[PDB]
Amino acid sequence: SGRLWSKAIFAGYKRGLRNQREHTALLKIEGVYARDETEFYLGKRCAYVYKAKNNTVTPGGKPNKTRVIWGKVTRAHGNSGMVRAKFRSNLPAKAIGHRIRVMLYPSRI
Amino acid sequence: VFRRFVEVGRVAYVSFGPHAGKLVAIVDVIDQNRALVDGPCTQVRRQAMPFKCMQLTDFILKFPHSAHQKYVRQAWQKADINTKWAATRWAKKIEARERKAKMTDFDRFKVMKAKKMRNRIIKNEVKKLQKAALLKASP
Amino acid sequence: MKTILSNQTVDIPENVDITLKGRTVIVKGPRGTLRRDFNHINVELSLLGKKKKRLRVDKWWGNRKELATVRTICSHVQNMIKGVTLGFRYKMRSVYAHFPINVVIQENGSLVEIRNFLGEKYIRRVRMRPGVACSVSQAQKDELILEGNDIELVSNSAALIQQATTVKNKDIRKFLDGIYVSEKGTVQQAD
Amino acid sequence: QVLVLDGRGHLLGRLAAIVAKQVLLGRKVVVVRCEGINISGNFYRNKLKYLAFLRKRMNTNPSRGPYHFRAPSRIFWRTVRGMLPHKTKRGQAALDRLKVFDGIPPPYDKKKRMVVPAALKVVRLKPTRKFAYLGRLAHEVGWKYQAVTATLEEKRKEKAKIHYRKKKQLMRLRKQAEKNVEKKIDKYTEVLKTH
RNA sequence: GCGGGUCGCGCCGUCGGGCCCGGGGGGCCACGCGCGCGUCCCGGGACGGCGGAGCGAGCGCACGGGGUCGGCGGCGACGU
RNA sequence: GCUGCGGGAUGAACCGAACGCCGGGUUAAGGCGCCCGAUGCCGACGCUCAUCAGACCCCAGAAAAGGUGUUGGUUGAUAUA
RNA sequence: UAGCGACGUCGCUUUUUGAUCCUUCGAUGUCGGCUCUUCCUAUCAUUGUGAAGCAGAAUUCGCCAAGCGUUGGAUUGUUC
RNA sequence: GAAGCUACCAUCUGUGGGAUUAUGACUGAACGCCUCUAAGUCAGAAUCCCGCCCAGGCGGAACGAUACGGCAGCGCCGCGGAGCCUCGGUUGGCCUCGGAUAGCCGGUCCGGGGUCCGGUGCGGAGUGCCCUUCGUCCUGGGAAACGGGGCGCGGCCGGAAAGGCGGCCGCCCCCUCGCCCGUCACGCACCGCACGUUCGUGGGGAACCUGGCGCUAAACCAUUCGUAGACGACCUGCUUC
Ligand SMILES: [Mg+2]
Ligand SMILES: [Mg+2]
Ligand SMILES: [Mg+2]
Ligand SMILES: [Mg+2]
Ligand SMILES: [Mg+2]
Ligand SMILES: [Mg+2]
Ligand SMILES: [Mg+2]
Ligand SMILES: [Mg+2]
Ligand SMILES: [Mg+2]
Ligand SMILES: [Mg+2]
Ligand SMILES: [Mg+2]
Ligand SMILES: [Mg+2]
Ligand SMILES: [Mg+2]
Ligand SMILES: [Mg+2]
Ligand SMILES: [Mg+2]
Ligand SMILES: [Mg+2]
Ligand SMILES: [Mg+2]
Ligand SMILES: [Mg+2]
Ligand SMILES: [Mg+2]
């Protein structure tokens, strides 16, 4: 039992004012509020978790409604602890304001 | 009101900056917004720091106005600022905050077991005492 | 230029006994008690002296406007101490032309009712402040005396009377008619 | 999940900014006591600005055009509309996440209420500046419900005073209990590791 | 009485000329003793052609070396 | 004109900079309360309250004159008689 | 200096006229009147005020102020 | 010349509160005097806003009736058995007011004063609590007199703003491990790997068997009216006396 992943809210895309850059995402990640604080979270992995009415899985036991898009943290972004991220497939852009799991994958202690 | 105002020779804590956690003594006020501070024994070298940087406390000394490092050290050692500093609740709070930051997982495990045992003893004896208070106010 | 600690010195005499709970000042004396609220002024208030009752009013830093502010607290505490010992008395001789002015006190000293006012038919009912009494004085032609404790309330009442008696649509260099404040003083004389 | 924010002594634009950024990320925020929000500046200029805003209207059909809300909760809600991208179908979900209440509702009588420190009058305004009351402004301009809200606020403050004495009674009992003994087996470990 | 060039005096300086010369730890991509090739120096050092003289060979390697490969490993059917 | 692109909200001409299609990194002109990416710096120093404040080349409205509103500064005249 | 104010001087306005030709010449129906709605204020009257060389009256000059009024007719197609 | 429609060509009715501008003041410094201003206050209007008066929103209330006949049908309660869709969160907060040139906590006195603390907040939301709990058996030490769960039963009511959660008591079948320290041995050890744990016996719709409690309507049209109508819409009538 227990949650192993840290909580993070998808804030939007890397962008200028006019045009976006859809191959990269930004993540406001809770508990992190400084450029110095967002150094532990480099190299970690991120996963987006959602539902769909077809029934498709991975070795997690049995067929589920659940689908997951993977990716990983690249670098820090700004002073406010916000974190750039690159996924294998780009975001649906439905998930602005929906929680993306940041896992304790590549721990480097 | 305003129990603690600055002076020539009042000790001060440095909250934010390159000297977090280190006492200084105020030598003199330059102009309204910064002042010259100095630490003989708390390992901080004579320099000018702003007032919103520093945090005031309640111990004073007796300095000549703008004295040297020598006389600052003499009054420091003769007043015994360090031991008397560690023997206040303020430094106990700072010490506890540093220990809580420097915990580990096994420490948090022991903290949670002792926390459960204490809160259960509190819960039982509080329930018994307020039941006894009801039984006291019942006649 | 961001000065420092300007301080005003307010003596307090022996009869009155002062007590403050903050910037709210409460003064007790022989002629009732009194209080004001100095909340919006942000000035250090402190008193010193075992039964000598020295008050100091102290403001640090500030500006030139706030160094102007720090004397106003001193002056209002002075006026409250004058009031709670003595009380304020305003003597008003009514100046009338060919028409008389009749002035009655209608109920309990509070209401003042002015009549005949240059031959105007309109009865002029003026309501005074709470905490102030008014009487038509004796041994003098149409002198009206207002007595009270708070000088702001008493002088606001006197201003209400003299702006109740105001001549419209005429010269006001001729038609010099109204009820005007002639003398400011204390309740108990020789003090 | 729900950020229940107090409104006494906050500033309009600052609190609108912080609520507007937090509402786009998903944390459902509720602004309670909207009548006690202070507006910086002299309130004669504040009623002058809002009164000219009332003057701004369509001359061809006043039903279609600038709706001028008079209730203070709706004033704050329009201010947050002006800061969220509401014409997009992002900000419309954001405004549907945002709730606001003049007065205090019965869930929020008892739910604990946060206070934003970056928007306080005490932090922002140099003390010799003049401020406003949005309750004063709304009572001057068309919001006819001050006399009800004042009565309900007196009532709920009276109920909160009867709750606080009970809670302080419980804390007196538990510190009498901690003045009693046999908790000290654990407290050495606890003080070593931050009591 | 001042300046411009020359000459000679001592003192500077992890100075330069790999300087020099004889005596009384550290660095170096610097190696055939026998004796005989010319010079320089006080029998020895250094070079070009020769008197010594780079003996013997690539063996097995290791590779911050002409842009990466595993002689690494997992998980899933009758409806995905 | 024949020309997109990043800023100046909005633009032909402005300021950077010129274009094959892409992945990473850096910047320019500009900007960092929220729309809207970035100051969510325990930023440094002062000035100003406006009952019509002020807020950025081109630029999208203002002068002569006046203020014991405040803040500096210059030159004189007094004050230990 | 109540009210005006020359000699000079700095502005504002687009309700006069002028200058220009930027838009439309494969068409924007051109004067004035009738009716009808709304707005501005650089206020003629009314509300509230101040100043007069304001005794009263009647006036004149200012300020907040466009809420509400600002007509009936002879002539000329008229705006005037 | 009826009825009706109609006329400033007949008649009737048309209303108050608040903050404030201009201005006049008061107190009072700056500037030891003065001053309507610098902080404070007052009077103050055909303006402004609201009241009075019109229309009531993708605004919300309280209440009524809630589908026979011959099976039905449909509600509240307990369910269990399948099956489609929409998608998000992976411990929870159960609450003083108010101030910042001040405030919090503890205590004889007649809500106040005096007194004792604490304070860059530790009676601390940088903190608090069930909580880092994998379960079970064995077996001992501390803690433990309330249990603790509830199909519970029955009573009380606390809460008006947009209330259904919160608590007490008496009874009922069980737990004396409902938490810490210690002894002991197994449980799928699925043989390096993700979408795991959750508030979920989530939310909505179609139906299927089941026990118990109940219920047996109302619109709209057709018609009629005319206080109302272009058409709709609107006002109404239609008991066998
Ligand atoms: Mg006249
Ligand atoms: Mg061409
Ligand atoms: Mg070209
Ligand atoms: Mg170009
Ligand atoms: Mg562009
Ligand atoms: Mg622009
Ligand atoms: Mg464009
Ligand atoms: Mg790129
Ligand atoms: Mg730049
Ligand atoms: Mg942002
Ligand atoms: Mg000036
Ligand atoms: Mg042309
Ligand atoms: Mg033309
Ligand atoms: Mg055409
Ligand atoms: Mg045409
Ligand atoms: Mg046309
Ligand atoms: Mg009009
Ligand atoms: Mg009519
Ligand atoms: Mg005034």
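Just so it is clear, none of the values below were taken in a lab; they were calculated from the coordinates. Every residue, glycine among them, receives a Cβ derived from its backbone with ideal geometry; neighbour counts consider all protein chains shown.
Quick test of your reading of the structure: residue A:24 fulfils all but one of (1) of a type outside the set (A, V, I, L, M); (2) within 16 Å of RNA strand H (Cβ to nearest atom); (3) farther than 16 Å from residue D:25 by Cα; (4) surrounded by 13 or more Cβ atoms within 10 Å (Cβ to Cβ). Name the failing condition by number.
Unmet condition: (2).
Give all pairs with beta carbons closer than 7 Å in which a residue from segment C:33-47 that is more than 14 Å from chain D (Cβ to nearest Cβ) meets a residue that is assigned to a loop (DSSP other than H, G, I, E, B) and surrounded by 15 or more Cβ atoms within 10 Å (Cβ to Cβ); count only pairs at least 6 apart in sequence or on separate chains.
Pairs that qualify, where the first residue is more than 14 Å from chain D (Cβ to nearest Cβ) and the partner is assigned to a loop (DSSP other than H, G, I, E, B) and surrounded by 15 or more Cβ atoms within 10 Å (Cβ to Cβ), are C:34/C:149; C:34/C:150; C:45/C:23; C:47/C:53.
I'd like to know if segment C:70-77 contains one or more residues that are surrounded by 14 or more Cβ atoms within 10 Å (Cβ to Cβ), within 14 Å of chain D (Cβ to nearest Cβ), touching a residue at least 24 places away in the same chain (Cβ under 8 Å) and over 16 Å from the mean Cα position of the chain (by Cα).
yes
Considering only segment B:74-93, I want to know if a residue exists there that is within 12 Å of another protein chain (Cβ to nearest Cβ) and exposed (fewer than 13 other Cβ atoms within 10 Å of the Cβ).
For segment B:74-93, residues within 12 Å of another protein chain (Cβ to nearest Cβ) and exposed (fewer than 13 other Cβ atoms within 10 Å of the Cβ): present.
Condition test on residue B:17, is it at positive phi and touching a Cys at 6+ places or on another chain (Cβ under 6 Å)?
yes
Would segment B:36-44 turn up any residue that is within 19 Å of the chain's Cα centre (by Cα), among the hydrophobic types (A, V, I, L, M, F, W, C) and either within 14 Å of another protein chain (Cβ to nearest Cβ) or not in a loop (DSSP other than H, G, I, E, B) (or both)?
yes
Quick one: what pairs do we get from segment B:31-52, first residue touching a residue at least 12 places away in the same chain (Cβ under 8 Å), second among the acidic types (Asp, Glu), C-beta under 9 Å, 6+ apart or different chains?
B:35/B:28; B:36/B:28; B:44/B:38; B:46/B:38
Give the residue that is surrounded by the fewest Cβ atoms within 10 Å (Cβ to Cβ), with candidates limited to residues of segment C:145-177 that are closer than 25 Å to residue C:81 by Cα and among the hydrophobic types (A, V, I, L, M, F, W, C).
So the first thing to find is which residues in segment C:145-177 are closer than 25 Å to residue C:81 by Cα, and the list is C:145-160.
Within this subset, residues satisfying the condition of being among the hydrophobic types (A, V, I, L, M, F, W, C) are C:145-146, C:151, C:153-154, C:158-160.
Numbers: C:145: 18, C:146: 24, C:151: 17, C:153: 18, C:154: 25, C:158: 23, C:159: 11, C:160: 14.
Going through the qualifying residues, I end up with C:159.
Test residue C:23 against the criterion of being within 14 Å of chain D (Cβ to nearest Cβ) and either under 25 Å from the mean Cα position of the chain (by Cα) or under 19 Å from residue C:185 (Cα atoms) (or both), and give yes or no.
Taking the combined requirement at face value, the residue satisfies it.
Within segment C:37-94, work out how many residues are of a type in the set (S, T, N, Q), closer than 30 Å to residue D:122 by Cβ and assigned to a helix (DSSP H, G or I).
Total satisfying the criteria: 3.
Here's a check for you: in segment C:138-163, which residue that is within 29 Å of residue C:35 (Cα to Cα) and small (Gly, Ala, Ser) is farthest from RNA strand G (Cβ to nearest atom)?
C:148
Checking the conditions here, which among B:80, B:107 is away from RNA strand G (no atom under 16 Å from the Cβ) and touching a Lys or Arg at 6+ places or on another chain (Cβ under 7 Å)?
B:107 is the lone residue from the list that is away from RNA strand G (no atom under 16 Å from the Cβ) and touching a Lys or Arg at 6+ places or on another chain (Cβ under 7 Å).
Which residues, taken from segment C:92-109, are closer than 19 Å to residue C:157 by Cα and crowded, with 16+ Cβ neighbours inside 10 Å?
C:92, C:93, C:94, C:101, C:103, C:105
So in segment D:107-127, with the set limited to residues that are within 14 Å of chain C (Cβ to nearest Cβ) and basic (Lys, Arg), which one is nearest to residue D:5 (Cα to Cα)? Show your work before the answer.
Residues of segment D:107-127 within 14 Å of chain C (Cβ to nearest Cβ): D:121-122, D:125-127.
Checking which are basic (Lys, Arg) leaves us with D:121, D:126.
Values: D:121: 15, D:126: 24 Å.
Filtering first and then ranking leaves D:121.
From D:146, D:176, grab the single residue that is at the interface with chain B (Cβ under 10 Å from one of its Cβ atoms) and either of a type outside the set (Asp, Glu) or touching a residue at least 60 places away in the same chain (Cβ under 8 Å) (or both). Show your work before the answer.
Details: D:146 fails: at the interface with chain B (Cβ under 10 Å from one of its Cβ atoms).
From the options D:146, D:176, the qualifying one is D:176.
Determine whether residue A:31 is in a loop (DSSP other than H, G, I, E, B) and away from RNA strand F (no atom under 16 Å from the Cβ).
Criteria not met by residue A:31.
If you take just the helices (runs of 4 or more DSSP H) that sit entirely in segment D:20-99, which of them hold at least 3 residues that are surrounded by fewer than 17 Cβ atoms within 10 Å (Cβ to Cβ) and in contact (Cβ under 8 Å) with a residue 12 or more places away in the chain?
Counting at least 3 such residues, we get D:43-55.
Select, from D:160, D:147, the only residue that is out of contact with any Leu (no Cβ under 9 Å at 6 or more places or on another chain), small (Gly, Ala, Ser) and within 9 Å of RNA strand H (Cβ to nearest atom).
The unique qualifying residue is D:160.
Could you grab me the full set of residues in segment A:17-41 that are more than 14 Å from chain D (Cβ to nearest Cβ), free of Cβ contacts under 8 Å to residues at least 40 places away in the same chain and hydrophobic (A, V, I, L, M, F, W, C)?
A:40
Spot the failing condition for residue D:108; the list is (1) at positive phi; (2) surrounded by 17 or more Cβ atoms within 10 Å (Cβ to Cβ), and only one is missed.
(1)
Of all residues in segment D:183-194 being facing chain B (nearest Cβ under 7 Å) and within 17 Å of residue B:121 (Cβ to Cβ), which is surrounded by the most Cβ atoms within 10 Å (Cβ to Cβ)?
D:186
Residues that are in a helix (DSSP H, G or I) and within 14 Å of another protein chain (Cβ to nearest Cβ): does segment B:45-56 have at least one? If you could, list the steps in order and put the result at the bottom.
First pass over segment B:45-56, keeping only residues in a helix (DSSP H, G or I): none.
Within segment B:45-56, not a single residue is in a helix (DSSP H, G or I) and within 14 Å of another protein chain (Cβ to nearest Cβ).
Taking the stated definitions as given, is residue C:111 within 16 Å of RNA strand G (Cβ to nearest atom) and either away from chain D (no Cβ under 14 Å) or of a type outside the set (A, V, I, L, M, F, W, C) (or both)?
So residue C:111 fails the test.
With (1) crowded, with 17+ Cβ neighbours inside 10 Å; (2) farther than 13 Å from residue D:36 by Cβ as the list, and residue D:142 as the residue in question, which single condition is left unmet?
(1)
Select from segment B:11-32 the residues that are assigned to a strand (DSSP E or B) and crowded, with 18+ Cβ neighbours inside 10 Å and list them in ascending order.
Our first condition is that a residue be assigned to a strand (DSSP E or B); within segment B:11-32, this holds for B:11-14, B:22-29.
Of everything in segment B:11-32, those that are assigned to a strand (DSSP E or B) and crowded, with 18+ Cβ neighbours inside 10 Å turn out to be B:11, B:12, B:13, B:14, B:23, B:24, B:25, B:26, B:27.
Give the residue, chosen from A:13, A:50, that is more than 16 Å from residue A:83 (Cβ to Cβ), more than 16 Å from RNA strand E (Cβ to nearest atom) and assigned to a strand (DSSP E or B).
The unique qualifying residue is A:50.
For segment C:111-123, name all the residues that are over 20 Å from residue C:175 (Cβ atoms) and crowded, with 16+ Cβ neighbours inside 10 Å.
Once the filter is applied, which keeps residues that are over 20 Å from residue C:175 (Cβ atoms) and crowded, with 16+ Cβ neighbours inside 10 Å, segment C:111-123 yields only C:112.
Can you tell me which of A:14, A:94, A:72, A:44 is under 17 Å from the mean Cα position of the chain (by Cα), of a type in the set (D, E, K, R) and within 14 Å of chain D (Cβ to nearest Cβ)?
Matching residue, one of A:14, A:94, A:72, A:44: A:94.
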